[PDB]
């Protein structure tokens, strides 16, 4: 256990193992990767983002978050694989090299660390944050119903004990506010991808309203192209479309907020599978899932650099 070359990418890891992995990666590739702390979780754990960059200052950027819902383990595992992949392909793959030569990538592998630690020690299916709610015996907020986009509208719950509880007010969760503040302060994000599981869907805005986004034709074509690239490897079938027309109303979601902040290429991926194993996806599917998802993500990044 001395390098990222001996790390086991084909198994699920604990929070500490993932945080340790980030430090190893930074130690091995200091000229390409840096670890930023953008805030703390409710319970006090650091919230880290890896910044991949070849230079410049405030270059156009791509945001990718994983694990905002703690039980979706395939997402944190895919994030760890992505981090290593970026360091292997820069300078080797012509397309990825061109992207990193012009844009920075910010990767948040464990967006909800308190919930992630809770899924390892007490409840494997925990989805929410672990914030304490006064007046309630229930804990946590659905961090993907806490954003300032149609906040509080249908598609979320005002019940603290609900799995889709939206919280007292928009950005009440420090895990969410941390990203909001970082993205707004940076001000030059061009793409915002939030990774979840499961269902095998690639979605664009909106989830809170049936109104079509002005960029619907373009984003729809980008999603169609990304799903085709993804499918080419193992034949995995994904559907794509707007959130509301594909999986129904959902309010306070992250990509609806990012699109409304002017970040055009805002998409959410729902990875494998479609329900056979669900959240308990076998570890043997980690690498194949990461590899095919990479093709879809790269396709989207290629479209942003050229746009």
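Positions refer to the first chain, counted from 1.
The question of which stretch, 28 to 36 or 45 to 53, has the higher mean Cα B factor is settled in favour of 28 to 36. Here the stretch with the larger average CA B-factor, out of 272 to 280 and 243 to 251, is 243 to 251. The residue among 219, 227, 170, 203 whose C-alpha atom has the highest B-factor in the PDB entry is 170. Of all the options 187, 207, 79, 113, the entry's greatest CA B-factor is assigned to 187. Sort the modelled residues of the chain by CA B factor and residue 58 lands in the highest third. In this PDB entry, residue 128 carries a Cα temperature factor that places it within the lowest third of its chain's modelled residues. Ranked by Cα temperature factor within the chain, residue 141 sits in the lowest third according to the deposited record. Looking at the C-alpha B-factors along this chain, the one for residue 98 belongs to the highest third. Per the PDB record, residue ranking by Cα B-factor puts residue 119 in the middle third of the chain.
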